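A short write-up of the structure that comes next.
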2 protein chains.
Amino acid sequence: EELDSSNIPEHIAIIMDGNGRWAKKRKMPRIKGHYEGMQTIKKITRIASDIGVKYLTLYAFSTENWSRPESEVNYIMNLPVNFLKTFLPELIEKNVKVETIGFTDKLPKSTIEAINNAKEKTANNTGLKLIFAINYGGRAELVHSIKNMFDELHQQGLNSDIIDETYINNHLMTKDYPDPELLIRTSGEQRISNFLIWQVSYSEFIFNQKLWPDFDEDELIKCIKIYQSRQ
Amino acid sequence: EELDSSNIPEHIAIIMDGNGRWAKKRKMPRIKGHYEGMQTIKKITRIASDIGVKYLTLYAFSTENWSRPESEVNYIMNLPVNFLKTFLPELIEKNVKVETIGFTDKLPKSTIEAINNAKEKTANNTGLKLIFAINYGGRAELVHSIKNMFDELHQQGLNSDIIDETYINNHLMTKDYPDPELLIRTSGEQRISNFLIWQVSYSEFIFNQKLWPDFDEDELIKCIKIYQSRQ
Ligand SMILES: [Mg+2]
Ligand SMILES: [Mg+2]
Ligand SMILES: [Mg+2]
Ligand SMILES: [Mg+2]
């Protein structure tokens with residue numbers, strides 16, 4: 001039917017794929033697609049907020065070569081620095097709370113500052129939680145969470161008997177958020193590329209054909225409608 | 001183009017969804033769909049072997065209620081007992097090696113025997129590895145692997161520094177198999193429902209619309225063709 005405003009997913013996760021491809025189709029360097037992709041983030045953040053989404057996890061990843069995803073994980077163009085610097089005022093006004101998951105400790109000093117300022121300035125907002133997965137990988141997340149949990153247990157002198165599914169959820173970088181009911185990936189590529197592998201165990205998947213730069217509010221609504229129709 | 005016999009995935013994983021739905025459409029009890037689903041397993045096992053697939057992991061799961069997957073995990077009708085008893089001779093002759101992943105220690109004594117006999121009788125085969133995920137869950141698998149790795153490390157008096165991605169792969173129930181290049185799920189439902197969550201980190205996903213009982217050799221080839229076209 002039409003968009004059911006009373007069944008809007010609390011948490012939508014999106015792999016923003018297509019910036020490079022979009023640029024290449026127009027014989028332009030990837031930076032042009034990176035810029036347009038940034039505009040898509042603004043559009044999607046506003047509409048998500050306006051329809052009731054409470055958590056939005058975005059993973060910047062551009063499929064260049066299907067067999068080389070490692071090149072994207074820590075690539076500068078997958079950073080939301082430009083977005084945060086040019087849209088922060090709006091985020092603040094829109095009651096959006098900025099957060100991040102991933103390994104950011106080794107990012108450029110000026111990058112850490114930009115991200116921290118964004119968080120600090122929106123720390124008190126109570127609306128949509130805009131979560132950027134930066135230099136993130138599900139396997140790396142688990143490996144990291146496993147190491148800590150082990151030390152946390154040994155330090156406290158305990159056995160592995162307390163380790164269960166719930167324990168793991170509370171020790172992932174996503175411990176403060178419910179798992180996404182819906183995972184969307186643009187461009188038509190159908191993989192989760194090591195993104196929230198544990199968290200999307202029960203998520204509904206939607207592989208949207210449009211390139212991230214062309215993805216818009218209308219398309220988002222359509223994805224949620226599909227989500228609602230599939231029950 | 002056409003099926004490229006030199007680029008056949010080494011490992012295909014399939015969530016055999018649709019047995020219940022298929023039966024319900026025909027106003028028959030699920031057992032009728034369970035039986036036809038068994039015939040699909042035979043068809044798919046033969047063609048997979050005949051085209052060069054080296055590992056085939058099958059997960060019996062029937063989507064009855066999208067919001068209650070726990071009811072399927074340990075349900076008797078998702079056991080391959082009937083399949084193994086009626087097709088073992090063929091498996092032996094076809095040089096197929098039967099294996100399993102999952103928690104089988106608490107299954108009925110007669111069920112454990114049927115599964116063990118199937119394994120024993122095909123233990124020396126060198127062709128397709130037919131892997132049945134029984135009473136299996138990716139999260140449970142990880143929780144279990146994490147517990148052991150911890151004890152294995154403490155017992156040996158070691159720190160968590162040796163724990164990396166590779167270490168985890170070698171301690172999962174799937175340690176002897178390469179990750180699947182392709183994950184297929186029938187019926188049109190698009191979720192991985194806690195199946196091989198770690199292992200499908202980079203897998204290509206194909207959500208085939210046909211119900212498992214209607215899925216056949218032709219459809220499998222088509223899925224692989226799609227896989228090859230998407231590059
Ligand atoms: Mg980009
Ligand atoms: Mg803790
Ligand atoms: Mg069945
Ligand atoms: Mg070991």
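For the structure tokens, the naming scheme is as follows: chains receive sequential letters (A, B, ...) according to their order of presentation, residues are indexed from 1 within each chain, and ligands are indexed from 1 in presentation order.
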
Filtered DSSP result for segment 57-170 of chain B, state helix (DSSP H, G or I), as a PyMOL selection string: chain B and resi 70-73+76-78+81-93+109-122+138-155+160-162+165-169

Secondary structure check, strand (DSSP E or B) residues of segment 44-209 of chain B, as a PyMOL selection string: chain B and resi 55-60+97-102+129-134+182-185+204-207

Interface list for chain B, partner chain A, 9 Å threshold, only C-alpha atoms, as a PyMOL selection string: chain B and resi 66+69+138-140+142-144+146-148+150-151+159-161+163-165+168+188-195+197-198+200-206+230-231

Protein and nucleic residues near ligand 1, 12 Å, only C-alpha atoms and all ligand atoms, as a ChimeraX atom specification: /A:15-24,29-41,59-64,72-83,211-213

Export of the given selection (C-alpha atoms) as an mmCIF file, in the first residue's frame:
data_model
loop_
_atom_site.group_PDB
_atom_site.id
_atom_site.type_symbol
_atom_site.label_atom_id
_atom_site.label_comp_id
_atom_site.auth_asym_id
_atom_site.auth_seq_id
_atom_site.Cartn_x
_atom_site.Cartn_y
_atom_site.Cartn_z
ATOM 1 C CA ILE A 15 26.230 1.018 2.541
ATOM 2 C CA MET A 16 26.550 4.144 0.367
ATOM 3 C CA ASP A 17 27.930 2.470 -2.749
ATOM 4 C CA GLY A 18 28.259 4.104 -6.172
ATOM 5 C CA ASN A 19 30.181 7.390 -5.853
ATOM 6 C CA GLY A 20 33.084 6.197 -7.998
ATOM 7 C CA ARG A 21 30.914 4.473 -10.588
ATOM 8 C CA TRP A 22 28.680 7.564 -10.854
ATOM 9 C CA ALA A 23 31.702 9.761 -11.538
ATOM 10 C CA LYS A 24 33.254 7.308 -14.008
ATOM 11 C CA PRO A 29 37.276 11.938 -11.233
ATOM 12 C CA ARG A 30 35.775 10.217 -8.172
ATOM 13 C CA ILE A 31 35.875 13.463 -6.197
ATOM 14 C CA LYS A 32 32.853 14.678 -8.195
ATOM 15 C CA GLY A 33 30.910 11.610 -7.063
ATOM 16 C CA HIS A 34 32.179 12.054 -3.501
ATOM 17 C CA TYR A 35 30.685 15.550 -3.471
ATOM 18 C CA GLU A 36 27.312 14.479 -4.844
ATOM 19 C CA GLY A 37 27.305 11.552 -2.426
ATOM 20 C CA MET A 38 27.676 14.096 0.369
ATOM 21 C CA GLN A 39 24.497 15.809 -0.857
ATOM 22 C CA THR A 40 22.725 12.449 -0.725
ATOM 23 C CA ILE A 41 23.733 12.074 2.933
ATOM 24 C CA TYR A 59 29.022 3.111 5.684
ATOM 25 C CA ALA A 60 30.894 4.957 2.938
ATOM 26 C CA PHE A 61 32.190 2.324 0.511
ATOM 27 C CA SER A 62 32.698 2.638 -3.239
ATOM 28 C CA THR A 63 32.848 -0.594 -5.231
ATOM 29 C CA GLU A 64 35.692 0.029 -7.683
ATOM 30 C CA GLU A 72 38.057 1.280 0.624
ATOM 31 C CA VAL A 73 38.066 0.609 4.378
ATOM 32 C CA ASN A 74 40.699 3.203 5.318
ATOM 33 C CA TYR A 75 40.480 5.450 2.240
ATOM 34 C CA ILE A 76 40.229 9.200 2.875
ATOM 35 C CA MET A 77 37.261 9.698 0.528
ATOM 36 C CA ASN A 78 35.110 7.471 2.711
ATOM 37 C CA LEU A 79 35.482 9.935 5.566
ATOM 38 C CA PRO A 80 32.525 12.226 6.407
ATOM 39 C CA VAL A 81 34.800 15.181 7.216
ATOM 40 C CA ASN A 82 33.493 17.363 4.390
ATOM 41 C CA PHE A 83 29.912 16.483 5.308
ATOM 42 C CA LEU A 211 24.057 4.715 -7.397
ATOM 43 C CA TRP A 212 24.382 6.513 -4.054
ATOM 44 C CA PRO A 213 24.681 9.933 -5.768
#

Close residues to ligand 2 using only C-alpha atoms and all ligand atoms, limit 8 Å, as a list in words: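 Residues lying within 8 Å of ligand 2: residues 149, 152, 170 and 171 of chain A.
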
Could the residues in this selection be written to a file with N, CA, C and O atoms, as a PDB file, in the first residue's frame?
ATOM      1  N   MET A 149      37.097  -8.351  25.928  1.00  0.00           N
ATOM      2  CA  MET A 149      36.290  -9.215  26.785  1.00  0.00           C
ATOM      3  C   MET A 149      37.113 -10.277  27.503  1.00  0.00           C
ATOM      4  O   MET A 149      36.726 -10.752  28.567  1.00  0.00           O
ATOM      5  N   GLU A 152      39.056  -8.261  30.118  1.00  0.00           N
ATOM      6  CA  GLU A 152      38.069  -7.818  31.094  1.00  0.00           C
ATOM      7  C   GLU A 152      37.683  -8.969  32.017  1.00  0.00           C
ATOM      8  O   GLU A 152      37.414  -8.761  33.200  1.00  0.00           O
ATOM      9  N   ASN A 170      26.681  -6.384  24.032  1.00  0.00           N
ATOM     10  CA  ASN A 170      27.086  -5.295  24.909  1.00  0.00           C
ATOM     11  C   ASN A 170      28.566  -4.943  24.847  1.00  0.00           C
ATOM     12  O   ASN A 170      29.001  -4.001  25.500  1.00  0.00           O
ATOM     13  N   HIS A 171      29.343  -5.682  24.062  1.00  0.00           N
ATOM     14  CA  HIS A 171      30.769  -5.388  23.954  1.00  0.00           C
ATOM     15  C   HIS A 171      31.209  -5.040  22.545  1.00  0.00           C
ATOM     16  O   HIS A 171      32.402  -4.950  22.257  1.00  0.00           O
TER      17      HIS A 171
END

Point-to-point distance in Å for atom CA of residue 93 of chain B and atom CA of residue 123 of chain B: 12.5 Å

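Residues lying within 9 Å of residue 52 of chain A, counting only C-alpha atoms and ignoring same-chain neighbours fewer than 2 positions away, are residues 5, 6, 8, 9, 10, 47, 48, 49, 50, 54 and 128 of chain A.
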
May I have the selected residues written with C-alpha atoms, as an mmCIF file, in the first residue's frame?
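Written file, out-v3.cif:
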data_model
loop_
_atom_site.group_PDB
_atom_site.id
_atom_site.type_symbol
_atom_site.label_atom_id
_atom_site.label_comp_id
_atom_site.auth_asym_id
_atom_site.auth_seq_id
_atom_site.Cartn_x
_atom_site.Cartn_y
_atom_site.Cartn_z
ATOM 1 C CA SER A 5 4.136 5.883 9.414
ATOM 2 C CA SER A 6 3.532 3.619 12.420
ATOM 3 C CA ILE A 8 9.016 2.927 10.353
ATOM 4 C CA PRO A 9 12.226 1.015 11.170
ATOM 5 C CA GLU A 10 13.940 2.374 14.263
ATOM 6 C CA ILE A 47 13.975 12.578 5.455
ATOM 7 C CA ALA A 48 15.011 9.783 7.847
ATOM 8 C CA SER A 49 14.569 12.218 10.716
ATOM 9 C CA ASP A 50 11.274 13.512 9.314
ATOM 10 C CA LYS A 54 15.822 6.851 15.272
ATOM 11 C CA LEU A 128 18.060 10.926 15.041
#

Residue neighbourhood residue 101 of chain B, 10 Å, only C-alpha atoms, exclusion window fewer than 4 positions, as a list in words: residues 57, 58, 59, 131, 132, 133, 134, 135, 136, 137, 141, 172, 173 and 174 of chain B

Please write the residues from the selection above to a file, keeping N, CA, C and O atoms, as a CSV table (one decimal), in the first residue's frame.
chain,number,residue,atom,x,y,z
B,57,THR,N,27.1,-26.0,1.3
B,57,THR,CA,26.6,-25.9,2.6
B,57,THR,C,25.1,-25.6,2.5
B,57,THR,O,24.7,-24.6,2.0
B,58,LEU,N,24.3,-26.5,3.0
B,58,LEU,CA,22.8,-26.3,3.0
B,58,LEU,C,22.2,-26.1,4.4
B,58,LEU,O,22.5,-26.8,5.3
B,59,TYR,N,21.4,-25.1,4.5
B,59,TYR,CA,20.7,-24.7,5.7
B,59,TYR,C,19.2,-24.8,5.5
B,59,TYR,O,18.6,-24.0,4.9
B,131,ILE,N,27.8,-30.3,3.0
B,131,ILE,CA,27.7,-29.9,4.4
B,131,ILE,C,26.4,-29.4,4.9
B,131,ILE,O,25.8,-28.4,4.4
B,132,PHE,N,25.8,-30.1,5.8
B,132,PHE,CA,24.5,-29.8,6.4
B,132,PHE,C,24.6,-29.0,7.7
B,132,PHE,O,25.3,-29.5,8.6
B,133,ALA,N,24.1,-27.8,7.7
B,133,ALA,CA,24.1,-27.0,8.9
B,133,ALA,C,22.9,-27.5,9.8
B,133,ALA,O,21.8,-27.1,9.4
B,134,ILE,N,23.2,-28.2,10.8
B,134,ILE,CA,22.1,-28.7,11.7
B,134,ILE,C,22.1,-28.0,13.0
B,134,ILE,O,23.1,-27.9,13.7
B,135,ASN,N,20.9,-27.6,13.5
B,135,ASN,CA,20.7,-26.9,14.7
B,135,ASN,C,21.9,-25.9,14.8
B,135,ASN,O,22.6,-25.9,15.8
B,136,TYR,N,22.0,-25.1,13.8
B,136,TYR,CA,23.1,-24.1,13.7
B,136,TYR,C,22.6,-22.7,13.7
B,136,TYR,O,21.5,-22.3,13.2
B,137,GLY,N,23.5,-21.9,14.2
B,137,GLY,CA,23.3,-20.4,14.3
B,137,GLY,C,24.7,-19.8,14.3
B,137,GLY,O,25.5,-20.2,15.1
B,141,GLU,N,27.6,-20.2,17.0
B,141,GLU,CA,28.8,-20.7,16.6
B,141,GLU,C,30.0,-19.9,17.1
B,141,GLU,O,30.9,-20.4,17.7
B,172,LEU,N,36.3,-21.8,13.9
B,172,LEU,CA,34.9,-21.8,13.7
B,172,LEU,C,34.6,-23.2,13.2
B,172,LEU,O,35.5,-24.0,12.9
B,173,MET,N,33.4,-23.6,13.2
B,173,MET,CA,33.0,-25.0,12.8
B,173,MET,C,33.3,-25.2,11.3
B,173,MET,O,33.4,-26.3,10.8
B,174,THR,N,33.5,-24.1,10.6
B,174,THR,CA,33.8,-24.1,9.2
B,174,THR,C,35.3,-24.0,8.9
B,174,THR,O,35.7,-23.6,7.8
